[PDB]
Amino acid sequence: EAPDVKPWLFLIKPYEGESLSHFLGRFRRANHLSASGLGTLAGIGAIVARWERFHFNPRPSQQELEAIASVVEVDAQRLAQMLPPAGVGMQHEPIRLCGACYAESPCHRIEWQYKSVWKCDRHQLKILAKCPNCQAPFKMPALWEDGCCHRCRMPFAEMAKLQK
Amino acid sequence: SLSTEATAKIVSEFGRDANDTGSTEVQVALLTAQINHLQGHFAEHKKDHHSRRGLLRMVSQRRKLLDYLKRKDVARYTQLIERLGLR
Amino acid sequence: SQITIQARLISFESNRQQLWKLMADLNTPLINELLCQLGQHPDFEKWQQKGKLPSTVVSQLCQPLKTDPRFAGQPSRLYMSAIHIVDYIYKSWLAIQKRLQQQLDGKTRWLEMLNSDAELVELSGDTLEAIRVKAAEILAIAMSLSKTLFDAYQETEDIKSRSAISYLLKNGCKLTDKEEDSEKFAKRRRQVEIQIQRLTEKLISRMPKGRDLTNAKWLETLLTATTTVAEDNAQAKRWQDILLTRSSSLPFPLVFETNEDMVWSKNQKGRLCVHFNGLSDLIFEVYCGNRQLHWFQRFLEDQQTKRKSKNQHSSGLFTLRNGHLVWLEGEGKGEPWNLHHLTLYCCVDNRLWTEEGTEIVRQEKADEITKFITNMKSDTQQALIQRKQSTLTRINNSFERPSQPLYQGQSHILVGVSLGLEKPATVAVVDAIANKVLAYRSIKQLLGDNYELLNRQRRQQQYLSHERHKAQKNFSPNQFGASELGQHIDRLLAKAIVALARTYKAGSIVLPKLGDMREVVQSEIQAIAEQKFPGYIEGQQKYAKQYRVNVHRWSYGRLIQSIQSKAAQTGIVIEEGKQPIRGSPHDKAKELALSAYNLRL
RNA sequence: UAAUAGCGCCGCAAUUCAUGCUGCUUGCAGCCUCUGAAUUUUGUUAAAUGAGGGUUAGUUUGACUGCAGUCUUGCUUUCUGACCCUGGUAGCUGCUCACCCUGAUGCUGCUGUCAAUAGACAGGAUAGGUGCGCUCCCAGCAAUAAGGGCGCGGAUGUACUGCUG
């Protein structure tokens, strides 16, 4: 039997602005889970495999974010900060990257998917929508395991040099 | 769809250089040429429900290319709208 | 009791073209008078609350449109046809909306009331037995039981002891010892939540749309969308939803609600003819098969009999009741009045055919008119009464008509009809005082020589559904289905069931209270599918497609109507009862008829 | 060559009774010669169902009067028969395709002759697989379900059937 221990997971701390797709992706590498495995563990079923693709057509409800909060140990109000604010239209087709800031914080920021964002203000640089050398489109942010282009294997931190 | 000569004629007039095969001004000029020829047929053969699918795609593509060009460069957008007689 | 018969009308172009021009011009105030209530009218939400249109409002919107430069060219009877149709469009639509509002409330009460056994213990602060004892007291007080229990829950909250009334209601107005599975309860409570959601999605219905023949909105939208740039995705889709819309090719029919507003005659050639009030220049010739001619001769004989008798007989007993004049769609090319086909549909009360049946309608109207006059007891009201008193005296003067003794059945012999998915009908004839089944029929007997047609219907539905899919992917216009075959099979069964009822001298035919089976199944399969594909909504919809589709194709309302019509033409009473959930198709039919007999008192 | 399986129908072989068949006890006994329900089985020049697309104001199902005599109309549909075709050039128009892998409610599948090019000519609803059919299965193709791989120019502030025709 257990040596008097409370039930646990490899919890992770969220970064200052990462997207819910990227955060769930990290959580299911810190713990070795499949997307449907994490959805099953949370009790919300196949829902998680939409959110990793930014398929928020029906948006994440309060009850679904609370279910994930019970697994990932982040409250529903901090999970909501990893999604667009009410009426801020995002686009989920082109995944986009600053890359200059990815050296300061290795994450996909939610703000790069807003229809209103075209340049990163911390660095005053145009946002990328494909690998600057091989023109490949980026994988969904849950899959950013290596932090580099999947085709030509160029680090995202080096794409700082090739933009604007 | 357009004849070979008609495409070559349209890309040579909206292309900014001999290199433009498909800048946003060339792509909107080819969709505009198609839409005009398609409105002259689809208003006559009102029963042709396979051509309404073609028109509604082709108009919706033009609008996306125009909205992109509007934000990218308003001067290029204004000149393109004039040259195509759009409002 | 009513039936509709039909004939094509033939007349030289000038007459078929002049009538088309009046109907293409009349079709337009049929649209403007819907818009004058669709958006213009300020009281509209008061009508949606009451469920009924005020009896004069459409006439008060039409009266000033009679002088409109666009609408002024039409006879007084074509405006009454417009007022009729628009009255019936809203008088239907408001009555659809009111029953949906009533169902949404009538289940919103139940979703609050439906509690698990553990929730009743928490909400009462007491034992589930204390709840069983109070439920036994409530039945003792009560002894319309279900209605009384809902009243006793609305009123009489009684320190939350009405929780025991909810315990009766969820148990079907009975005591239960068993304590329920929370998974079965979760499925049950979820079905109610799904029905509430779907009723709101339905209650938010579209307003009535008129038949715009002009294409003007479509042509304006085409030249807009091709020459201009939308400012929004919503505007670009608003133009798409217009451009995809198929426009109507036929005007609304004329409705002539007064039987005398059709005048009949015999042509020199011996053919029958007709003309309409306000169109008395345009003679039309009747063309119909001899299988229906006897009514069109009767129309002219009813008219001649009144005219030969100085109006001392009333059209209150004319065999014709009302006519609907409609253009049926033709094929190929030509002007609309040369391409389409004038068809006159006559409503006929079939029991006016015979003298013994005419006497029923004489007594029915004489009682209704006597009551109306005594309920009235105004200016023009004085003339309305004189018209009613004059109908009440004239209706006693008989037309010379065919004689046939009325059918009479045994008050103890009933035909039970059981409907289902696999067996569309199955029949048990019961002598209810003997408790003896006189006969049973399964489908192979109940339409005999025609039993190949059920297998044909299932082949044709399956074959044609696949061809329609293949055709849609290619944009072919060829789109066909088994609907007329299903209509024929439902009529073969309706004749055979009533022939069997006559054979055994049955006093009545018994039909099940099936109700809204389609919506019930749709919520049951969804509450279940949500447990097997959680979060994967596309998998939930795919769960039992063939079962849900077969229930949406199940023609039970059309078979129930087909039997009603043929039974009432024969004179056999229709009765109803609860259809058993378990037993064979025969046992269902047996217990259904016996239940309807037990409900006599 | 292949199509073994699965699913839906069609009868055929049985078994069990009745809504049936002999009696009078008007409710029992008795069996399956019929007419019917239920289960199981089967694919034997058994039997029965059997969707390539089209064609007639077609015939019969009708009304009235004592089963005989009068009158009769050509409407809207479902089958069974029979016959015909398996198309022609003159414009307009949608979709699809750089090139590959997976192969979809994807397309194609008859007889004979000439070519053995991908197509003509002459027959034809027997027309890939079984008693008969399918979204199933076999064979060929697969750009015109979808996903993934990925070459060279334009564009590259999110647009990109936008190029390779």
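Protein chains in written order, with this note's numbering: chain A, 9 to 172; chain B, 10 to 96; chain C, 6 to 606.
Just so it is clear, CB atoms sit at the ideal spot from N, CA and C, and this is done for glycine as well.
Taking 8 Å as the threshold, the shortest C-beta distance from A241(C) to chain B falls below it. If you look at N327(C), you'll find it in the beta strand (DSSP E) that goes 325-333. Using a Cβ-Cβ cut-off of 7 Å, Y548(C) is close to nothing in chain A; its nearest Cβ partner there is about 14 Å away. Scanning chain C for C-beta atoms nearer than 8 Å to the C-beta of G47(A) yields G540, reported in chain order.
Secondary structure remark: continuous alpha helix (DSSP H) runs of at least 4 residues inside the region 499-575 of chain C, in chain order: 522-537, 542-546, 550-557, 561-575.
The continuous beta strand (DSSP E) containing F261(C) extends over residues 259-261.
With contacts defined by Cβ atoms closer than 8 Å, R104(A) and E26(A) do not form a contacting pair. A straight-line Cα-Cα distance of about 7 Å links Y122(A) and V96(A). Non-local beta-carbon contacts of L64(B) in its own chain, meaning distances under 8 Å to residues more than five positions away in sequence, involve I44, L47, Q48, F51 in chain order. Separation of the CB atoms of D26(B) and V20(B) is rounded to 11 Å, and the pair is thereby denied contact status at 8 Å. Within the same chain, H417 come within 8 Å of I438(C) by CB-CB distance, once the 5 residues on both sides are set aside. Per DSSP, the continuous beta strand (DSSP E) segment holding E580(C) begins and ends at 578-582. Going by DSSP, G47(A) is part of the alpha helix (DSSP H) stretching over 43-50. With respect to the 8 Å criterion, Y445(C) and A433(C) are classified as neighbours on the basis of their beta carbons. Counting other Cβ atoms within 10 Å of its Cβ, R161(A) stays below 16 and is therefore classed as exposed. Sixteen is the threshold: since fewer than 16 other Cβ atoms of the shown chains lie within 10 Å of the Cβ of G339(C), the residue is exposed. Proximity of chain C to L75(B) at the Cβ level (cut-off 9 Å) is accounted for by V234, in chain order. Going by DSSP, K338(C) is part of no alpha helix (DSSP H) at all; its letter is neither H nor E. Judged by their CB atoms, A499(C) and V420(C) are not nearer to each other than the 8 Å cut-off.
CA-to-CA, the gap between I90(C) and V260(C) works out to about 8 Å. Contacts with chain C at 8 Å (Cβ-Cβ) include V68(B). Interface flag for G53(A) against chain C is set, since a Cβ pair is found closer than 8 Å.
By the criterion of at least three beta-carbon pairs nearer than 8 Å, the region 231-246 of chain C is not in contact with the region 43-57 of chain C. Counting C-beta pairs with one atom in each stretch, the region 136-152 of chain A and the region 15-31 of chain A have three or more that are closer than 8 Å, which means they touch. Three or more beta-carbon pairs separated by less than 8 Å are not found between the region 77-87 of chain C and the region 190-210 of chain C, which leaves the two stretches without contact. Closest in C-alpha terms to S319(C), from the list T219(C), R392(C), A29(C), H299(C), comes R392(C). Three or more Cβ pairs drawn from the region 330-338 of chain C and the region 348-368 of chain C lie within less than 8 Å of each other, which places the two stretches in contact. For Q11(C), the uninterrupted beta strand (DSSP E) run begins and ends at 7-15, by DSSP. Within the same chain, and ignoring the five residues on either side of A476(C) in sequence, the residues whose Cβ sits closer than 7 Å to its Cβ are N483, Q484.
For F480(C), the chain B residues whose C-beta falls within less than 8 Å of its own C-beta are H58, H59, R62, listed in chain order.
The alpha-carbon of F146(A) is positioned some 7 Å away from that of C157(A). In the DSSP assignment, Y350(C) falls within the beta strand (DSSP E) that extends over 346-354.
Of all alpha-carbon atoms in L204(C), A141(C), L208(C), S314(C), the one lying nearest the alpha-carbon of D182(C) is that of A141(C). Beta-carbon to beta-carbon, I20(A) and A38(A) are separated by about 5 Å, close enough to satisfy the 8 Å threshold. Minimum Cα-Cα distance from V62(C) among the listed residues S314(C), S187(C), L43(C) corresponds to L43(C). At a cut-off of 8 Å, the C-beta of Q48(B) has a neighbouring C-beta in chain C.
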